[PDB]
Amino acid sequence: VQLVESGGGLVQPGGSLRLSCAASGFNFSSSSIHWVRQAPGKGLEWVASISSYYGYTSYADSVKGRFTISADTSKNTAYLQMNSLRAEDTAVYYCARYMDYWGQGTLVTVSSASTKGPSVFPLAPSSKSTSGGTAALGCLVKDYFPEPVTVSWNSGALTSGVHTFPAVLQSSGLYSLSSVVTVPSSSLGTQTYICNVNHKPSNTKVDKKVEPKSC
Amino acid sequence: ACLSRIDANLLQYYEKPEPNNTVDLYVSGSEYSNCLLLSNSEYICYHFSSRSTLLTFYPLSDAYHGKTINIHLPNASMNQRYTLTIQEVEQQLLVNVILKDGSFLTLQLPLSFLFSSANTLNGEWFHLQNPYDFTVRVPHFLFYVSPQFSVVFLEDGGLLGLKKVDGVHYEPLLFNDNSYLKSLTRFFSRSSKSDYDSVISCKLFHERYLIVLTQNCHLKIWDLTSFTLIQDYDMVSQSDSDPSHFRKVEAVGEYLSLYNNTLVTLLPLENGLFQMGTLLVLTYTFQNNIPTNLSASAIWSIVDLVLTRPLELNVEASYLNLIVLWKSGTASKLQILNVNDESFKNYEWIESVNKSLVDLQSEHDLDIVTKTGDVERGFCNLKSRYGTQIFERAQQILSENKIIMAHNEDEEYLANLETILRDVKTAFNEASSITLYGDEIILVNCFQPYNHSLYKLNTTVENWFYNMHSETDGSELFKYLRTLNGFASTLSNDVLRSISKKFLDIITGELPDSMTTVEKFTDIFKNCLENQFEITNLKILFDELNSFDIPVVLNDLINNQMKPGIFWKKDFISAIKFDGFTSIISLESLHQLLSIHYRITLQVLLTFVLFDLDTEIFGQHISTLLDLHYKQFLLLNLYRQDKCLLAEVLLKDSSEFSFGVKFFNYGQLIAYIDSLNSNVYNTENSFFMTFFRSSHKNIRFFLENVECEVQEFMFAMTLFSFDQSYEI
Amino acid sequence: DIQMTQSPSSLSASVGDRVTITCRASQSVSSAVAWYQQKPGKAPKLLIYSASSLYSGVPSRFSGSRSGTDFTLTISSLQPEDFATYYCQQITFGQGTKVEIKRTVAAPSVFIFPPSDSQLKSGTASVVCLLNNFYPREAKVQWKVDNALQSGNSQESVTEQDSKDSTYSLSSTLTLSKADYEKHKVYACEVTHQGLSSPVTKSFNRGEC
């Protein structure tokens, strides 16, 4: 039993995308296929459904006239043709059947701009770090597009006390994120922390070594 | 699903939620209930209370006017109804009950007393007795064998015999038991609280052989002539011997029933194994293990099973039928296993609908008939729907939880009522046991007294209704109806109601007779349907519709399926006395049939208003349909308006069957319901209006609807009871 | 369109606690109501259908019930794997009840970071305030520039709950032009939180060390 969803990605606004949902392990011909979407940080929104069994289709008000749901019983596959796409249409879409069986979902970004590699700046440990206490240090990974970036420390040998934050997007249209780790203060002079920065969409890797700044 | 659920509250027609004639006997019911057939062809119902301290009896066919008897017990029985037996000896209900303290109570209730008016009982109707010391070895299961002889089963695994010498006294006839000697092994102790392999089910064969099922699923067989263990089969070592987990049964239940010399046994493997062999000489011989078809983890518990002669099902290849009743909470499940041949290897599982139509409609908001509007309107609606027993139990639970109606129009209250009513109903309907009413009628007895559910074999049309989203195949008519439902299910309730109203209007003349059919359909379309549906579904409906030969399918639907038969009287056994049970079962069944008819008829008419179907060619069909729709609406309105009155006028309609009917099989029942259908489509309305006049807000719509001279009169008076009245 | 309200919008409870989530329909939907559980980064799993039916395989500690227009999802004994967003559904969904595994208040550790030289180097200045390892989630950051209060020029984000000590961390970024940054001296981030007996302020003076 498994739904499969292909065909999302990045799309210019006003543009178009056809999503596929290839089904198996159930009776496709008497099921109903639904498409359900989830915008970043928001709840679930049902947009459309089709009865395989009679072709009957229906749509949420928010997508009516722009989205067409269809289905090919002979290949157990359903479709969602999305036209005149809007920023309001970004999100992750699922495909469910009736909702017992859920698609692993595919993400649709509606927007623009090119691919940009990040810049990487140190977040240096305070010179006032408490004696015998804990210090924080980090790297700031600024101005990249599209997602995703990964950061590790000391090539993965340092996982304890690490927090890598969710990416904010700026008004610029570029993302920024921070990653930090806490270490003992007495290790700031003896030990070497190196944050590695991986941005695959632009074959950029950064190896930055964070330390205390000199005055 | 080949069967449907018809719910029966025997007091539904009456205001008092309790029979005036109730008598309380005392000795110095929502945990078990069952029915038993007596010498006089009457069914007596009994209930054992939660505490097993109260036993209640009442006559199935006369719950309200007949006598209900409450017998109070000094203490609870040792192990619930499992330590209780009830059998009809000679013109008496003989009831035996092992109580918690060890006593063995005997009750003798004369049949007469059970069907008399008397509130007193003479003579020794009860005997206490202490034949054995049950403080040491505690019993848990009592099994009747004969008027003088019956066996007791013990928790530790031992059997006791109980022989009656005179008319009252009992004495222990002990059985030889060497099973205990397994204590010698390091894997069992006499002193251990585990290790007991006690009996969990027991049946008597040919008066002599006693077949017992143990917690480890051993089938042992005792010869009562010898009083010796003859057989001992390990049921589990036959199928796949799972070392992981076989659930040794941890309570007494209904895990086997025999018919002739066949014997089914219920073994727990994901709660799913029906073994069934044959008895013969004593030898038991395996045939097959038939698993269950149960999912949702398999979390259903057996309530009752009954092996019996085959039914009249949609697969002629049948040899025997096992009726099976599962439970999961207050949700129930009825299935029938049909075995095809004398080999128990070819079979087929037949499911049924486990909720009544009224309930399904209320749940899925598919009810178009019930009047909307006022809060008190909703009050009448629920009162009339549920019956006084439930409605008042719900109003009790409300006030207990400090939920009190603020004013005339407290909608927030009514909301709470909906749910409490549903829950109370659901509780009341919790399944307890099966009774084979008549020859073959499947009856389920519920936890709350006066509450039963009949499971009714579906007619063709009912099968179509109940299997729209299923039937792989189906005839042309089914597919046609299915596509019509495919379109109509996308419309909302308000639209559908406004369309129904308009179809009434064509008959009432509110849509003038001066208009052509096409003009009325155009009116209907513009006012009700325009902008109220997705054009995609319209295209869909049109496409699917073009595959069908419409005149033929409509012909078969109207003139065969829906329009019933001319009778030359086909034996609907005439009742000598009013039978409240068959009365309410008939009325509810009729209501289900006509509701289904209503939905179909409306969907077809809809198709006639949407598309350019030659209004002359189909004129006959169109007008027949509008007539049938009209009659359906009327009946359903009267039903939810005043059931008692409807029943009264609908049975005083048939002269020879004025008192009622008896049916002993599914054919007689189906035929009777059909008979009433005929009555409706072809004197009832007059007797109903008359008896009613001698439900006010009702007959306003029903003098706007059911009216179309006499109609004017009625409108003039119901409206007097003022300008409209005088003018009319 | 029907509106499904849920209450509360975010709850917190012990392991072994009994948890109740309620959902109120805008109109009056009948028992056609389902409950789902969604872990973050994964598809919702059906828990309950028809208001009170338990979906296949789902643990019996989950149950559903109805009282009028109020629908209830109950978890009879909360387990540490039960943290998620739960949704009711009638099609419209609820806004979503977020549960987590409640723990003691934990005060944040606070750190301020000035813009790097490299950032100023390009015309903009971002100042960052870190709040580390605190509970509950509701922390309040207030930026002050020469004591003046700021509004509209900052953004923040929060980590997911730590899998071991169940705390949150929070980052806040105050963004200014280089020119505006250079017009001022004292940069400060003030943190208010349950675990803090009074608000904490970390600050630097521009260009000092």
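Applying the set (1) in contact with a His (Cβ under 9 Å, 6 or more places away or on another chain); (2) part of a loop (DSSP other than H, G, I, E, B) to residue C:197 leaves exactly one unmet item: (1). Screening residue B:285 on (1) more than 14 Å from chain C (Cβ to nearest Cβ); (2) part of a loop (DSSP other than H, G, I, E, B); (3) surrounded by fewer than 16 Cβ atoms within 10 Å (Cβ to Cβ) shows it passes everything except condition (2). Taken over region A:112-127, the criterion of being in a loop (DSSP other than H, G, I, E, B) and either at positive phi or at the interface with chain C (Cβ under 10 Å from one of its Cβ atoms) (or both) is satisfied by A:113, A:124, A:125, A:126, A:127.
Only strands (runs of 3 or more DSSP E) whose full extent lies in region A:1-90 are considered here, and the ones with at least 3 residues that are more than 30 Å from residue A:115 (Cα to Cα) are A:17-24, A:32-38, A:44-51, A:57-59, A:67-72.
Would you confirm whether any residue within region B:546-557 is buried (at least 16 other Cβ atoms within 10 Å of the Cβ) and touching a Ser or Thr at 6+ places or on another chain (Cβ under 7 Å)? No: region B:546-557 contains no residue that is buried (at least 16 other Cβ atoms within 10 Å of the Cβ) and touching a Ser or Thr at 6+ places or on another chain (Cβ under 7 Å). Restricting region B:355-401 to residues that are hydroxyl-bearing (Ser, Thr, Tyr) and within 14 Å of chain C (Cβ to nearest Cβ), the residue that is nearest to the chain's Cα centre (by Cα) is B:362. Note on region B:485-596: no enclosed helices (runs of 4 or more DSSP H) hold 2 or more residues that are among the aromatic types (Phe, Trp, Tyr), more than 37 Å from the chain's Cα centre (by Cα) and within 23 Å of residue B:682 (Cα to Cα). Only one of the listed residues (B:327, B:345) is under 18 Å from residue C:50 (Cβ atoms) and of a type outside the set (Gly, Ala, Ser). That residue is B:327. The set of residues in region B:332-362 being in contact with a helix residue (DSSP H, G or I) (Cβ under 8 Å, 6 or more places away or on another chain) and aliphatic (A, V, I, L, M) consists of B:353, B:357, B:358. From (1) among the aliphatic types (A, V, I, L, M); (2) more than 20 Å from residue A:171 (Cα to Cα); (3) in contact with a strand residue (DSSP E or B) (Cβ under 6 Å, 6 or more places away or on another chain), pick out the condition that doesn't hold for residue C:149. Unmet condition: (3). Restricting C:25, C:51 to those that are on the phi > 0 side of the Ramachandran plot, within 11 Å of chain B (Cβ to nearest Cβ) and surrounded by 20 or more Cβ atoms within 10 Å (Cβ to Cβ) reduces the list to C:51.
Condition test on residue B:721, is it within 24 Å of residue B:644 (Cα to Cα), part of a loop (DSSP other than H, G, I, E, B) and over 40 Å from the mean Cα position of the chain (by Cα)? Answer is yes for this residue.
A count restricted to region C:64-107 and to residues that are part of a strand (DSSP E or B) and either among the hydroxyl-bearing types (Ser, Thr, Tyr) or within 14 Å of chain B (Cβ to nearest Cβ) (or both) stands at 12. Number of residues in region A:154-202 that are more than 23 Å from residue A:129 (Cβ to Cβ) and assigned to a loop (DSSP other than H, G, I, E, B) equals 7.
Tell me, yes or no, whether region A:70-91 has at least one residue that is closer than 23 Å to residue A:1 by Cβ and at the interface with another protein chain (Cβ under 10 Å from one of its Cβ atoms). No, there is no match, as no residue in region A:70-91 is closer than 23 Å to residue A:1 by Cβ and at the interface with another protein chain (Cβ under 10 Å from one of its Cβ atoms).
Output the residues belonging to region B:457-469 that are in contact with a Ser or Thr (Cβ under 8 Å, 6 or more places away or on another chain) and not aromatic (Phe, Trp, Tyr). Those that are in contact with a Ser or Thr (Cβ under 8 Å, 6 or more places away or on another chain) and not aromatic (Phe, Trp, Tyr): B:458, B:462, B:469.
The set of residues in region B:340-399 being of a type in the set (A, V, I, L, M) and either under 28 Å from residue B:1 (Cβ atoms) or assigned to a loop (DSSP other than H, G, I, E, B) (or both) consists of B:350, B:353, B:357, B:358, B:360, B:366, B:368, B:369, B:382, B:390.
Restricted to region B:453-494, and to residues there that are acidic (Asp, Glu) and more than 14 Å from chain A (Cβ to nearest Cβ), the residue that is nearest to residue B:429 (Cα to Cα) is B:462.
What about residue B:345, is it within 14 Å of chain C (Cβ to nearest Cβ) and basic (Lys, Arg)? Spelling it out, it is not the case that residue B:345 is within 14 Å of chain C (Cβ to nearest Cβ) and basic (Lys, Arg).
Which residue is farthest from residue C:76 (Cα to Cα), if the candidates are limited to region C:26-63 and must be in a strand (DSSP E or B) and of a type in the set (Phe, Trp, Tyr)? By that ranking, first place goes to C:49. In region B:18-38, the count of residues that are aromatic (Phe, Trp, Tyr), touching a helix residue (DSSP H, G or I) at 6+ places or on another chain (Cβ under 7 Å) and surrounded by 22 or more Cβ atoms within 10 Å (Cβ to Cβ) is zero. Just one of the listed residues (A:52, A:70) is hydroxyl-bearing (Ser, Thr, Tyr), over 20 Å from the mean Cα position of the chain (by Cα) and surrounded by fewer than 19 Cβ atoms within 10 Å (Cβ to Cβ), and it is A:70. Filtering region B:665-683 to residues that are within 17 Å of residue B:639 (Cα to Cα), in a helix (DSSP H, G or I) and among the β-branched types (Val, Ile, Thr) leaves B:673, B:680. Could you please let me know if residue A:151 is of a type outside the set (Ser, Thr, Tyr), away from chain C (no Cβ under 12 Å) and outside any loop (DSSP other than H, G, I, E, B)? Answer is yes for this residue. Note on region C:111-129: among residues that are touching a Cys at 6+ places or on another chain (Cβ under 9 Å) and at the interface with chain A (Cβ under 10 Å from one of its Cβ atoms), the one that is surrounded by the fewest Cβ atoms within 10 Å (Cβ to Cβ) is C:112. Among the criteria (1) surrounded by fewer than 22 Cβ atoms within 10 Å (Cβ to Cβ); (2) acidic (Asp, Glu); (3) more than 14 Å from every other protein chain (Cβ to nearest Cβ); (4) within 22 Å of the chain's Cα centre (by Cα), the one residue A:45 does not fulfil is (3). For region C:6-22, taking the residues that are farther than 17 Å from residue C:87 by Cβ and not hydroxyl-bearing (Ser, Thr, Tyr), the one that is nearest to the other protein chains (Cβ to nearest Cβ) is identified as C:18. Of all the listed residues (A:130, A:182), the sole one being surrounded by 13 or more Cβ atoms within 10 Å (Cβ to Cβ) and of a type in the set (S, T, N, Q) is A:182. Scanning region C:88-111 for residues that are in contact with a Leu (Cβ under 8 Å, 6 or more places away or on another chain) and of a type in the set (A, V, I, L, M) yields C:99, C:101, C:107, C:110.
Cβ coordinates were reconstructed from backbone atoms using ideal geometry, including for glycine residues, and neighbour counts include every protein chain displayed. Rule-based calculations on the coordinates, nothing more; no lab input.
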